[PDB]
K.L.:
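Right, I'll just put the structure down here and ask away after.
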Amino acid sequence: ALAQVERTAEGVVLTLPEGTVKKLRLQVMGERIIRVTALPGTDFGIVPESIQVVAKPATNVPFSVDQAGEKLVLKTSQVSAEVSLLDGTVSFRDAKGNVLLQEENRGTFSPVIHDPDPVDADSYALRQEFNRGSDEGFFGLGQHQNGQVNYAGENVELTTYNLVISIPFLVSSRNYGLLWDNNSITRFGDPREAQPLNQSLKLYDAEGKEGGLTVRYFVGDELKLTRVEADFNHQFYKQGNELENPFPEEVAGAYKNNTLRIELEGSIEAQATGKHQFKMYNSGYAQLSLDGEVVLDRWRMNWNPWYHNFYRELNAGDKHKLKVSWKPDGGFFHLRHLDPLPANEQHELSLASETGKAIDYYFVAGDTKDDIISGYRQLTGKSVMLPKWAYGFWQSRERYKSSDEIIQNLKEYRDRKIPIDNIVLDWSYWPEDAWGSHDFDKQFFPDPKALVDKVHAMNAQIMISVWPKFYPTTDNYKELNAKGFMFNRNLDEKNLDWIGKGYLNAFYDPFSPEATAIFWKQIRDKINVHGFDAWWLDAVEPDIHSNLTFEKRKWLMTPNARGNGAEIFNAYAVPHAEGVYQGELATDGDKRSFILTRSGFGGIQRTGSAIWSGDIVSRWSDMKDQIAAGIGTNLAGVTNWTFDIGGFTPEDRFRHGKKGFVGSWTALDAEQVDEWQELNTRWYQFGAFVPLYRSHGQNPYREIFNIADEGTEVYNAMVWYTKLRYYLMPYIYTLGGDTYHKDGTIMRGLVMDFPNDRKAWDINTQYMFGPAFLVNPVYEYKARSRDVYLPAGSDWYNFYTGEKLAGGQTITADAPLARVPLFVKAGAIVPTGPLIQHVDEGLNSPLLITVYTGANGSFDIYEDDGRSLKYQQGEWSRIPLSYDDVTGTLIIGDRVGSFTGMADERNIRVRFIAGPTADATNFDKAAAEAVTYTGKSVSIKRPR
Ligand SMILES: *[C@@H]1O[C@H](F)[C@@H](O)[C@H](O)[C@H]1O
Ligand SMILES: [Cl-]
Ligand SMILES: [Cl-]
Ligand SMILES: [Cl-]
Ligand SMILES: [Cl-]
Ligand code: NI
């Protein structure tokens with residue numbers, strides 16, 4: 001009873017005679033890429049046009065189809081897929097006959113359970129399982145906030161949130177990755193949503209007596225009520241600002257005035273054995289203790305809570321002591337958990353989605369992780385070049401309040417000769433009762449074009465905040481609405497925002513290009529006309545009303561152009577940013593646009609956008625977590641990424657003192673100054689080594705000169721790392737060029753460059769910044785050193801001192817306040833330029849080429865005009881650098897390419913580092929051999 005085979009031009013289509021899956025289509029997408037579509041029906045046409053994939057089946061890719069017995073082989077020069085004619089399961093082999101990925105079953109289709117709205121009869125909950133009992137690593141998946149780099153054996157929920165951005169591209173430690181092309185909420189590992197604490201556990205209160213947990217309510221230190229609760233849950237608002245479950249009547253007042261405190265106490269007993277996951281979702285100060293030990297200490301701003309996870313081994317029957325402390329300060333809280341899966345699934349690959357019409361994924365083969373990302377780029381679109389100024393320093397604030405305030409702070413950087421390219425105008429520049437009109441309050445921003453012109457005249461660019469949000473009072477709302485493009489259920493719910501008495505508001509519907517075209521014409525007419533340089537597309541999750549349930553959030557986007565809110569929950573930002581990008585293209589066909597946006601999904605990089613992690617807090621745990629967040633995003637195939645240096649929201653201890661509202665650090669209560677300055681110093685260090693370097697957030701003010709005084713150690717350290725960023729621009733912008741021309745990745749998990757080192761795989765507090773720099777952020781208050789693992793098979797130089805160390809060891813790296821531990825890989829060729837104040841100053845600049853000896857090297861410096869689209873017609877250049885360590889020779893090869901404004905002649909000096917040197921970072925004054933390069937190859941011998 002074998003399956004029937006139909007040879008298509010793109011591959012094959014099996015018609016299985018058994019089971020739920022009726023048809024199984026394979027499509028050759030490229031030399032290294034095969035699409036798999038498992039359909040519970042006969043009409044593939046029911047499958048929605050991809051939002052991620054812009055790639056269509058290849059036409060010029062040789063492939064062969066051989067059939068024998070009960071196995072079908074379809075292969076290219078690089079990938080081999082063996083399908084069973086019995087059950088329809090696919091097995092992927094490399095070009096040398098090794099099992100990369102094997103499907104377990106044909107996939108589990110279930111009824112949709114998480115769509116609050118009416119469900120298409122041909123929609124299902126999807127699940128697919130692969131590689132049971134593997135030992136492989138798993139990476140990518142997007143920007144997540146639980147410290148995971150190697151996801152293997154654990155859970156990730158690919159939902160969309162302020163702080164979370166799912167990109168369903170999974171990369172293995174083996175030579176493949178895959179794109180799971182589903183727009184709805186998706187889960188890695190455990191299929192189930194994390195449940196209430198009492199759904200897979202037995203609960204005992206303080207009295208030891210079975211039941212629920214002991215829930216004490218405190219006002220101040222005064223106990224005001226004790227009682228036992230099953231599922232303690234104040235996770236969401238139902239409407240407006242009203243909790244879903246209100247607080248006991250007798251402390252309800254304390255909640256609203258921040259005097260409320262709470263404790264939970266009891267014992268948990270799992271009925272099953274194995275690894276359990278736990279999630280403490282919260283705002284305010286929360287602290288969880290288990291077995292007498294603290295497991296979680298977290299604070300998050302009240303309006304932006306999130307989950308804090310940890311796994312732990314449990315034996316059934318075993319009771320364990322649980323203690324929790326929650327000072328809500330008006331925030332939220334729930335406690336969730338999941339018991340272990342069936343043991344045979346304990347170590348498998350599992351992806352599930354909430355709604356879809358078919359299991360649809362793309363197998364991507366690649367000999368290196370860069371090769372694998374490259375497949376992702378080809379499916380979902382090339383990461384289009386950002387303007388060169390985007391890799392310079394960005395200064396933002398929530399918020400500047402006038403044209404004057406912006407020009408003043410920019411001028412202050414220039415006066416202090418501290419480099420900066422970009423300043424940002426955040427929300428609330430419009431008349432307060434016209435959010436969405438895109439007008440400029442005449443009191444504070446009387447002449448926008450003059451303000452942009454003053455920024456430009458100071459050789460900076462300016463970016464501006466634009467939401468998908470409209471008040472129904474405004475004409476722009478009315479215009480979108482008459483075409484049916486407004487999501488109106490938030491108006492019905494009467495959900496007012498947080499501005500003034502509070503306004504009625506709705507978000508538009510970007511899932512139709514007729515809609516995004518209007519959105520774009522609106523901002524074109526109102527904002528673009530004054531010459532702003534970039535768009536800060538905030539709130540694109542969307543976050544229509546903060547803190548409603550995710551079902552409400554789903555419900556609110558129904559109906560959109562693509563069905564329900566649930567069917568497209570992760571995808572909002574792509575079409576939204578696409579419209580802005582496409583309009584800009586239509587407007588100026590020779591200027592690079594830039595978008596910064598707070599959400600994404602597969603393909604976002606095709607809109608010339610960078611993403612950031614949104615509203616993180618000014619905590620150390622958060623800074624640390626940002627490392628895994630950026631890693632996971634780059635390894636998901638989206639490299640242009642950043643965060644708010646210093647965190648979006650500090651605690652109250654920082655925002656407000658005895659001297660009132662804290663702007664400058666001078667207004668801080670004395671006892672806080674130290675941590676505010678150290679947290680910012682450490683974060684600026686980290687910031688200069690992520691793809692985009694950007695300071696932003698709520699008060700205190702975040703300019704370097706508002707964090708500390710001139711001359712102080714911390715001021716000088718922050719200025720030093722900013723300068724270093726610009727010294728490094730020839731290196732950095734090369735990475736920038738590479739994102740497009742070489743499908744490159746800037747912020748690299750260690751698996752990309754040391755894939756054969758299992759111990760590197762798991763590391764979540766270090767990463768490669770480009771090919772040369774091993775970056776190791778200090779993430780602990782008052783730490784003056786940190787463990788650093790030096791990966792095996794390479795030697796390493798201390799960037800600051802020149803000391804050479806061997807890899808394959810962990811060291812205790814010196815980390816004084818002023819320096820983040822930084823190491824260069826033996827063989828790096830690092831180009832630097834002169835000190836500059838903004839990127840254009842350094843065009844055609846003199847170069848210092850620094851060769852870190854001990855291994856061969858290779859680095860081709862990428863240059864172009866930095867602003868135009870001419871690079872797409874070939875207007876760019878590469879200056880090839882090649883180092884041979886045996887002969888000790890650096891070859892500066894023949895220049896490749898050319899572009900308008902490129903200097904034919906370049907002054908280049910070359911130096912070699914081989915050990916300790918006082919000039920390790922003294923770029924201007926270092927001894928080095930000088931060369932007048934004219935595009936012709938020239939060799940420089942290392943000194944004897
Ligand atoms: C969206 O809201 C504001 F506009 C901005 O300051 C914040 O950083 C972002 O989350
Ligand atoms: Cl200038
Ligand atoms: Cl200048
Ligand atoms: Cl200048
Ligand atoms: Cl200048
Ligand atoms: Ni200048």
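Both ligands and their constituent atoms are indexed starting at 1 by order of listing. We number each residue from 1, following the sequence as shown. Every heavy atom of this structure was used, including side-chain atoms; hydrogens, water molecules and symmetry mates were not.
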K.L.:
Short list, please: which atoms of ligand 1 are under 4.0 Å from a heavy atom of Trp467?
P.N.:
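Heavy-atom distances to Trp467 below 4.0 Å select 1 (C), 2 (O), 4 (F).
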K.L.:
Does the side chain of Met729 come within less than 4.5 Å of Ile732's, by heavy atoms?
P.N.:
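Yes, side chains in contact.
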K.L.:
Given that the side chain starts at C-beta and the backbone is N, CA, C, O, which of these parts of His696 lies under 4.0 Å from ligand 1, counting heavy atoms, or is it both or neither?
P.N.:
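Answer for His696: side chain.
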K.L.:
Looking only at heavy atoms, is any part of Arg598 under 4.0 Å from ligand 1, and if so is it the side chain, the backbone, or both, or is it neither?
P.N.:
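Under 4.0 Å from ligand 1, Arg598 contributes side-chain atoms alone.
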K.L.:
Rounded to the nearest 0.5 Å, what separation is found between the CD atom of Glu398 and the CG atom of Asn699?
P.N.:
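CG of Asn699 is found 8.0 Å from CD of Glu398.
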K.L.:
Both conditions, 6.0 Å and 45 degrees, for the charged tip of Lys591 above the ring of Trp389: are they met here?
P.N.:
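No, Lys591 and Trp389 do not form such a contact.
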K.L.:
Suppose we measure from atom 4 (F) of ligand 1 to each protein heavy atom; which comes out shortest, and what is that distance?
P.N.:
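That would be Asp426 OD1, 2.6 Å.
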K.L.:
Passes salt bridge (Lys or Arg N to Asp or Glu O under 4.0 Å), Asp864 versus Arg592? Steps please.
P.N.:
CA-CA 12 Å; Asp864 69 8; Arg592 301 190 201 168; 2.8 Å; yes
K.L.:
Would you say the ring centers of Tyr684 and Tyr721 fall short of 6.0 Å from each other?
P.N.:
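Ring centroids of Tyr684 and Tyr721 are no less than 6.0 Å from each other.
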K.L.:
Starting from atom 7 (C) of ligand 1, find the nearest protein heavy-atom neighbour and note its residue, name and distance.
P.N.:
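Sorting protein heavy atoms by distance from atom 7 (C) of ligand 1 puts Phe648 CE1, 3.3 Å first.
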K.L.:
Would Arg553 and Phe569 count as a cation-pi pair here, with the cationic atom under 6.0 angstrom from the ring centre and within 45° of the axis?
P.N.:
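No, a cation-pi geometry is absent between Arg553 and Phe569.
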K.L.:
Number the atoms of ligand 1 from 1 as they appear, then name those within less than 4.0 Å of a heavy atom of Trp536, with their elements.
P.N.:
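Counting from 1, the qualifying ligand atoms are 5 (C), 6 (O), 8 (O).
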K.L.:
Less than 4.5 Å apart, side chain to side chain, heavy atoms only: is that true for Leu835 and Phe923?
P.N.:
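They are not in side-chain contact.
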K.L.:
Would you say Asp615 has any N or O atom under 3.5 Å from an N or O of ligand 1, going by distance alone?
P.N.:
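Looking only at distances, the answer is yes, because the N/O contact criterion of under 3.5 Å is met.
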K.L.:
Please compare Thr649, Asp538, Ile616, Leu425 and report which has the shortest non-hydrogen distance to atom 3 (C) of ligand 1.
P.N.:
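Comparing heavy atoms across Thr649, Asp538, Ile616, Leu425, the nearest one to atom 3 (C) of ligand 1 lies in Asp538.
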K.L.:
Give the atom numbers and elements of ligand 1 that come within less than 4.0 Å of a heavy atom of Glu398.
P.N.:
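Those atoms are 6 (O).
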